[PDB]
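Asks: structure of the sequence below:
(one chain, ligands or ions: 1)
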Amino acid sequence: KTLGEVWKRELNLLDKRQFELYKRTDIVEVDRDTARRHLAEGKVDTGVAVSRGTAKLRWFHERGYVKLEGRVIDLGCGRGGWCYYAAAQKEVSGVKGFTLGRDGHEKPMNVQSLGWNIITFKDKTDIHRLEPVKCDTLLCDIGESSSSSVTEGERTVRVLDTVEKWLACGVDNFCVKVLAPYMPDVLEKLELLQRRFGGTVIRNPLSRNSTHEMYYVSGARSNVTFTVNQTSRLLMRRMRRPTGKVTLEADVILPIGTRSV
Ligand SMILES: Nc1ncnc2c1ncn2[C@@H]1O[C@H](CSCC[C@H](N)C(=O)O)[C@@H](O)[C@H]1O
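Replies: Residues are numbered from 1 along each chain as shown. Structure data below:
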């Protein structure tokens, strides 16, 4: 019924070539060539990002969508792209990252970009059952794609449900992935959360066309329904007007070393 639900249905109707063409339509992504080469060679002191996540968080941070301050907690940290980005910011005093890191799930990567020493990575952790901890900045980048809109909705509502427990502890800043903001129940939950904690949902330009993911962030306040539909319209336009045109941008390079007393 929602424009996003229509988008999801049409996305699944594309043949293999149509899908490939759509995925490459008017997108922007960082060039990962150097980072991948450095990581494959075991280089840990060149400042490259462990994942594309570093550039995604940088985009939100550099324009005030989320302030990264004090005690940072990263739920579903994976390799740690958000943890390393946060650790390099002067306003951040410490970073605690949690992730599954088992049964195919990405494990934290150990590199020595600026502030690596103030990060505490913990794997074998299901954040849905992790007792909330007090922090100043709450980050969460969880949401597994599914060809089923119903499944994406269920997964998204579960993430928001868990995150609400953490926000209820009192946090100043947050950036939380919302996998399927186009689903009716998710929109309503977001409206309720906004009335309780403020913020709004924003589409990151680095996100792929094949996902409707948006992020619930603390740095702005706007009508959720409007912004989500704005994104649905953009994604539908790209599907109807394929181009396969990709734009590349420089990946993030962080300073290196420890942050000490
Ligand atoms: N219930 C759960 N508990 C902990 N981690 C989970 C989880 N469900 C998914 N994850 C992890 O959440 C991660 C999402 S991808 C996160 C990428 C990260 N922001 C970066 O910048 O590198 C994946 O590693 C996935 O394994």
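Asks: now residue 111: closest residue in space that isn't a chain neighbour?
Replies: Take residue 111 and drop its neighbours on the chain: the residue closest to it by CB to CB, 6 or more residues apart in numbering is residue 44, 4.5 Å away. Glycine gets a C-beta too; all of them are placed from N, C-alpha and C.
Asks: ok, residue 36 - how many residues close by?
Replies: Residues lying near residue 36 (other CB atoms under 10 Å) number 12.
Asks: and it, what element?
Replies: Assigned by DSSP states H and E, residue 36 belongs to helix 33-40.
Asks: may I see the buried residues of that helix?
Replies: 35, 38, 39 (16 or more other CB atoms under 10 Å).
Asks: now do the contacts for the last one.
Replies: With CB atoms under 8 Å, 6 or more residues apart in numbering as the criterion, the residues that contact residue 39 are 48, 50, 109, 111.
Asks: could I get the helix holding residue 36 in PDB with only the CA atoms?
Replies: As requested, the backbone C-alpha atoms of helix 33-40 are provided in PDB (Å, rounded to 0.1, in the frame of the first residue of the first chain):
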ATOM      1  CA  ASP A  33      40.600  -0.500  -4.000                       C
ATOM      2  CA  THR A  34      43.300   0.900  -1.700                       C
ATOM      3  CA  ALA A  35      41.600  -0.200   1.500                       C
ATOM      4  CA  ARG A  36      41.100  -3.700   0.200                       C
ATOM      5  CA  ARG A  37      44.700  -4.000  -0.900                       C
ATOM      6  CA  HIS A  38      46.100  -2.700   2.300                       C
ATOM      7  CA  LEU A  39      43.900  -5.000   4.500                       C
ATOM      8  CA  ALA A  40      44.700  -8.000   2.300                       C
END
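Asks: any residue of it touching the ligand?
Replies: No: judged by CB under 6 Å from any ligand atom, helix 33-40 stays clear of the ligand, getting no closer than 11.8 Å.
Asks: report the distance from that helix to the chain centre.
Replies: Relative to the mean C-alpha coordinate of its chain, helix 33-40 is positioned 21 Å out (CA atoms, centre = their mean, to the nearest Å).
Asks: what's the following helix or strand after it?
Replies: helix 53-62.
Asks: which strands or helices does that following helix pack on?
Replies: The contact analysis (3 or more CB pairs under 8 Å, 6 or more residues apart in numbering; DSSP states H and E) places helix 53-62 against helix 81-87.
Asks: in the helix it packs on, what counts as buried?
Replies: For helix 81-87, the neighbour count (16+ other CB under 10 Å) marks 81, 82, 83, 84, 85, 86, 87 as buried.
Asks: likewise stretch 209-219?
Replies: Here stretch 209-219 shows 209, 211, 212, 213, 214, 215, 216, 217, 218, 219 as buried, counting by 16+ other CB under 10 Å.
Asks: circling back: ok, and of the buried residues of helix 81-87, which contact the ligand?
Replies: Restricting those to those within reach of the ligand (CB under 6 Å from any ligand atom) leaves 81, 82.
Asks: which one of the buried residues of helix 81-87 is nearest residue 156?
Replies: Taking CB to CB as the measure, residue 82 is the one of the buried residues of helix 81-87 closest to residue 156, at 18.7 Å.
Asks: residues contacting the closest one?
Replies: Contact criterion CB under 8 Å, 6+ apart gives 53, 54, 57, 74, 97, 139, 141 as the residues in contact with residue 82.
Asks: kindly report the same for residue 113.
Replies: Contact analysis of residue 113 by CB under 8 Å, 6+ apart lists 47, 48, 49, 84, 87, 88, 254, 255, 256.
Asks: which residues of the stretch 101-250 of the chain lie near the ligand?
Replies: Remark: the part of the stretch 101-250 of the chain in contact with the ligand comprises 105, 106, 125, 126, 127, 128, 141, 142, using CB under 6 Å from any ligand atom.
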